[PDB]
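Colleague: So I pulled this structure from the PDB, and the sequence comes with it:
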Amino acid sequence: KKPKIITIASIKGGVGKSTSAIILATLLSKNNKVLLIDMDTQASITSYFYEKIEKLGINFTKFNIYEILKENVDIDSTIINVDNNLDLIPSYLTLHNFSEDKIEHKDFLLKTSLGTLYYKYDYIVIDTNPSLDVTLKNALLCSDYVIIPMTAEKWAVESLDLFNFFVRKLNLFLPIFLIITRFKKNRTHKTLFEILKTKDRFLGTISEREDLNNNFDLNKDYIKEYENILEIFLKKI
Amino acid sequence: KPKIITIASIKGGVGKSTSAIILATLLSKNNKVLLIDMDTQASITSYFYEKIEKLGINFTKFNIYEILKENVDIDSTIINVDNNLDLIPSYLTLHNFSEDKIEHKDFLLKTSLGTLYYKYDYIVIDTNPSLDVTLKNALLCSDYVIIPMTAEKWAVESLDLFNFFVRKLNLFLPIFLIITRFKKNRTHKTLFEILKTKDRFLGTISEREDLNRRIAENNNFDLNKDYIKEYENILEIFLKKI
Ligand SMILES: Nc1ncnc2c1ncn2[C@@H]1O[C@H](COP(=O)(O)OP(=O)(O)NP(=O)(O)O)[C@@H](O)[C@H]1O
Ligand SMILES: Nc1ncnc2c1ncn2[C@@H]1O[C@H](COP(=O)(O)OP(=O)(O)NP(=O)(O)O)[C@@H](O)[C@H]1O
Ligand SMILES: [Li+]
Ligand SMILES: [Li+]
C-alpha cells in the first residue's frame, strides 16, 4: 500500500552497514519487491552486483544516483533488476562531488525524485556514507525508519548520541533501531549489549563470521542471525 | 620550515592511515614529526589510544575539531605518542564540522597552524576519503600530497577526480602516488603499468598479513619486516623527489 523506506546508517565505517543493507534487502525480497539505493561514495553495494550489471550492459556511469540528484536523468531510467524481486540504483564515483555542489533545496532532492517514481516497492533500502553530511540528510528526509549497525567499541554510546542529535536538528521523529555487528563472546561486547539490550529498538546481534567477497549467500549461520533480526524489526513497526 | 604532507584518497580501505602512521614513524627516527588525525574514523588516534590513556589525556576537549572551532589553542592538544612523534587526536565530534557554518571555513587549519609555537621537521595529516571542507583544510596548508591507490575498478578515474578537485583550489601541490595492497595478479599489473610511467609515482606496497595484524587491533609496534622495507624505499624516493 505504500513504500516503507529504511536508511541504513552509521558514523563509523567498517561496521557492516553495507553488508547489512544487502542482506536485509535480499531477505526482504524473498516475499516483497525491494529497491536498493546505493548512496555511498564507496559504491560497495554497486560493485557487489557489478558482474550482474555488466552482463545486462547497463551504462551506470550515465544512470546512477548522482545523476538523479543532479536532475540530469530521471530515476525511472536508473533502476536495475539485480536479483529476485530486488532492484538497485547504482552509485558512481562522481557522487563524491555531491557535497561540494551548490544546489537549491539540496536536502530534498532524493525525496522529490522519489515522488516522481512510477514503480512501486514494498520496501526501499538506502545505503549511506559514514558521515553526517548532506547525503545522509537526503536519505533521512524521505525515510520511515533507520537501522544503525554498531560495534562494541569505545565511543559507541557517544556515537549513537551524536547521530540522534543530528536527526533532531532535522526536526525528524524517526524510529531508530540498533544492531550489534561483529559480536564476540567477551567483556567488551557484554558492556555494549548490556547497555543496548534494554532499549526498545535494539534488534539483536550479528556474530563475527569468516565465511561472511562478491559470492551468493547459502543461508548459513550468519544469515539466520539476520533473519532473526529482520523478524524482530517487522514486529516493532 | 616544517614540510607539511597530506595523505589523501577518495576510496576508503586503501591503506591511507596505515601509510600515515608508518611514514611518520620512519621520519621520526631522525626528525621531530607531528601527526594530525583529521579523519572522523580516528584510525590513527585509536592506534595510539593505549598510550593516550596511560597519559590521561582528555582528548574529548582537546582534539582537532575543537581547534577548528577555535575553542582550544593548538599547543594544548599535542600528545607525545612515540619517540620524536607528536599527535593531534581526532574525536567523533569532528563529524559535525561539515555542517558547521563558519566564515573562511577553508582556512581554519592553516590559520591555526600559524599560531603553533612548536616547530616540526614534518607534519603529516590524515584525512577522510571525501572531497569535502575537511579535505580542503588539509590541502590549503600542505606542501605535498601522497595518495595511496589500490587496483580497484575506477581507480584511474578516481585519481582524475581527485586531481580535478586540487586544481579547482588554485593549488599547485606536488601529488605523489603509492600503489598499496599489491598482489600478483592481472588487475594489479594493469594499474602498475598505468601508474609506473607517471612522474611522481613512488612505488608499491604489498598486501601482508602481519601488517594487518599489527595495526588491526593489536596496536602493536612495528618490527621492520619486508613491508617496512617497502615503505622505506617509498620514503627515500619521495625525499629525493622533493
Ligand atoms: N559480521 C561480519 N562478519 C564478517 N565480516 C564482516 C562482518 N561485517 C562486516 N564485515 C566485513 O567488514 C568489511 C567492511 O564492510 P562493511 O562494514 O559492510 O562496509 P561499511 O561498514 O558499510 N562502510 P561502506 O562500505 O562505506 O558502506 C568487509 O570486508 C566485510 O566483509
Ligand atoms: N598492505 C596491507 N597489508 C595488509 N593489511 C593492510 C594493508 N593495507 C591496509 N591494510 C588493512 O586495511 C585496513 C584499513 O587500512 P587503512 O589504512 O585504514 O585504509 P584507509 O581506510 O584508507 N585509512 P582510514 O580510512 O583513515 O582508516 C586495516 O585493517 C589495515 O591493517
Ligand atoms: Li532477475
Ligand atoms: Li522486477
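Modeller: Okay, I see it. Residues are numbered from 1 along each chain as shown, chains lettered A, B, ... in the order given. Ligands and ions are numbered 1, 2, ... in the order given.

Colleague: Name the residues that touch stretch A:218-227?
Modeller: Residues outside stretch A:218-227 that contact it (CB atoms under 8 Å, 6 or more residues apart in numbering or on different chains) are A:20, A:23-24, A:27, A:204-207, A:209, A:211-212, A:217. Placement of C-beta: from N, CA and C, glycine included.

Colleague: ok, which stretches of chain A are strands?
Modeller: A:4-8, A:34-38, A:80-83, A:86-89, A:123-127, A:145-150, A:176-183, A:202-207 (DSSP state E).

Colleague: Let me have the ones you listed in TSV, adding mean neighbour count as columns.
Modeller: Compiled in TSV, these are given as follows (neighbours: other CB atoms under 10 Å in any protein chain shown):
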stretch	mean neighbour count
strand A:4-8	24
strand A:34-38	28
strand A:80-83	18
strand A:86-89	24
strand A:123-127	25
strand A:145-150	23
strand A:176-183	21
strand A:202-207	20
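
Colleague: which one of those strands lies closest to ligand 2?
Modeller: Closest approach to ligand 2 among the strands of chain A (CB to the nearest ligand atom): strand A:176-183, 12.9 Å.

Colleague: remind me, longest helix of chain A?
Modeller: In chain A, taking DSSP state H as the definition, the longest helix is helix A:221-236.

Colleague: Can I get that helix in PDB, CA atoms only?
Modeller: C-alpha atoms of helix A:221-236 as PDB (Å, rounded to 0.1, in the frame of the first residue of the first chain):
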ATOM      1  CA  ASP A 221      24.600 -19.300  10.500                       C
ATOM      2  CA  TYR A 222      25.100 -15.600   9.900                       C
ATOM      3  CA  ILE A 223      22.100 -15.400   7.600                       C
ATOM      4  CA  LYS A 224      19.900 -16.900  10.300                       C
ATOM      5  CA  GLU A 225      21.100 -14.100  12.600                       C
ATOM      6  CA  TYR A 226      20.000 -11.500  10.100                       C
ATOM      7  CA  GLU A 227      16.700 -13.500   9.700                       C
ATOM      8  CA  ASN A 228      16.000 -13.200  13.500                       C
ATOM      9  CA  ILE A 229      16.900  -9.500  13.300                       C
ATOM     10  CA  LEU A 230      14.500  -8.900  10.500                       C
ATOM     11  CA  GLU A 231      11.700 -10.800  12.200                       C
ATOM     12  CA  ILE A 232      12.000  -8.600  15.300                       C
ATOM     13  CA  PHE A 233      12.200  -5.400  13.200                       C
ATOM     14  CA  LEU A 234       9.000  -6.300  11.400                       C
ATOM     15  CA  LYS A 235       7.200  -6.900  14.800                       C
ATOM     16  CA  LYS A 236       8.200  -3.500  16.100                       C
END
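
Colleague: At the contact with ligand 1, which residues of chain A appear?
Modeller: A:13-19, A:40, A:42, A:44, A:127, A:130, A:181-182, A:206, A:208-209, A:212-213 (CB under 6 Å from any ligand atom).

Colleague: Which of these fall in helices?
Modeller: A:17-19, A:44.

Colleague: For the residues you listed, pick the one with the most neighbours.
Modeller: residue A:17 (26 neighbours; other CB atoms under 10 Å in any protein chain shown).

Colleague: ok, that one - contacts?
Modeller: A:8-10, A:127-128, A:130, A:149.

Colleague: Quick check: closest non-adjacent residue to it.
Modeller: Nearest non-adjacent residue to residue A:17, counting by CB to CB, 6 or more residues apart in numbering or on different chains: residue A:10, 4.5 Å away.

Colleague: if we can go back for a sec, from the contacts of residue A:17, which is closest to chain B?
Modeller: Distances from chain B to the contacts of residue A:17, taken as CB to the nearest CB, are shortest for residue A:130 (7.5 Å).

Colleague: ok, that closest one touching residue A:10?
Modeller: Yes: using CB atoms under 8 Å, residue A:130 is in contact with residue A:10, at 5.6 Å.

Colleague: The residue of chain A most remote from its centre and residue B:47, how far apart?
Modeller: Distance from the C-alpha centroid of chain A peaks at residue A:187, with 28.9 Å (CA atoms, centre = their mean). Distance, residue A:187 to residue B:47, using CB to CB, to the nearest Å: 21 Å.

Colleague: How about residue A:121?
Modeller: 42 Å.

Colleague: related to what we said a few turns ago, possible to save the strands of chain A as JSON lines with distance to chain B?
Modeller: Below are these laid out as JSON lines (distance: least, CB to the nearest CB, whole Å):
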{"stretch": "strand A:4-8", "distance to chain B": "16"}
{"stretch": "strand A:34-38", "distance to chain B": "14"}
{"stretch": "strand A:80-83", "distance to chain B": "17"}
{"stretch": "strand A:86-89", "distance to chain B": "16"}
{"stretch": "strand A:123-127", "distance to chain B": "14"}
{"stretch": "strand A:145-150", "distance to chain B": "13"}
{"stretch": "strand A:176-183", "distance to chain B": "11"}
{"stretch": "strand A:202-207", "distance to chain B": "17"}
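
Colleague: Reformat those strands as JSON lines; add distance to ligand 2.
Modeller: Below are the strands of chain A laid out as JSON lines (distance: least, CB to the nearest ligand atom, whole Å):
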{"stretch": "strand A:4-8", "distance to ligand 2": "19"}
{"stretch": "strand A:34-38", "distance to ligand 2": "19"}
{"stretch": "strand A:80-83", "distance to ligand 2": "26"}
{"stretch": "strand A:86-89", "distance to ligand 2": "24"}
{"stretch": "strand A:123-127", "distance to ligand 2": "17"}
{"stretch": "strand A:145-150", "distance to ligand 2": "17"}
{"stretch": "strand A:176-183", "distance to ligand 2": "13"}
{"stretch": "strand A:202-207", "distance to ligand 2": "19"}
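
Colleague: sorry, back to before: report the angle between the longest helix of chain A and strand A:202-207.
Modeller: 180 degrees (axes from the mean of the first three to the mean of the last three CA atoms, to 10 degrees).

Colleague: in helix A:221-236, what counts as buried?
Modeller: Neighbour counts over helix A:221-236 (16 or more other CB atoms under 10 Å in any protein chain shown) mark A:222-223, A:225-226, A:229-230, A:233 as buried.

Colleague: Going by distance to ligand 2, which of those wins?
Modeller: residue A:222 (20.3 Å).

Colleague: export stretch A:181-196 as PDB, just CAs?
Modeller: Written as PDB, here are the backbone C-alpha positions of stretch A:181-196 (Å, rounded to 0.1, in the frame of the first residue of the first chain):
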ATOM      1  CA  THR A 181      27.600  -6.400  14.500                       C
ATOM      2  CA  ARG A 182      30.900  -8.400  14.700                       C
ATOM      3  CA  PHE A 183      29.700  -9.900  18.000                       C
ATOM      4  CA  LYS A 184      32.200 -12.000  20.100                       C
ATOM      5  CA  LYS A 185      31.700 -13.500  23.500                       C
ATOM      6  CA  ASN A 186      33.800 -11.300  25.700                       C
ATOM      7  CA  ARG A 187      33.600  -8.400  28.200                       C
ATOM      8  CA  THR A 188      33.700  -5.600  25.700                       C
ATOM      9  CA  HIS A 189      30.600  -7.000  23.800                       C
ATOM     10  CA  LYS A 190      28.800  -7.700  27.100                       C
ATOM     11  CA  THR A 191      29.100  -4.000  28.200                       C
ATOM     12  CA  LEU A 192      27.500  -2.700  25.000                       C
ATOM     13  CA  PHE A 193      25.000  -5.500  24.900                       C
ATOM     14  CA  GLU A 194      24.000  -4.700  28.500                       C
ATOM     15  CA  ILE A 195      23.500  -1.000  27.500                       C
ATOM     16  CA  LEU A 196      21.800  -1.700  24.200                       C
END
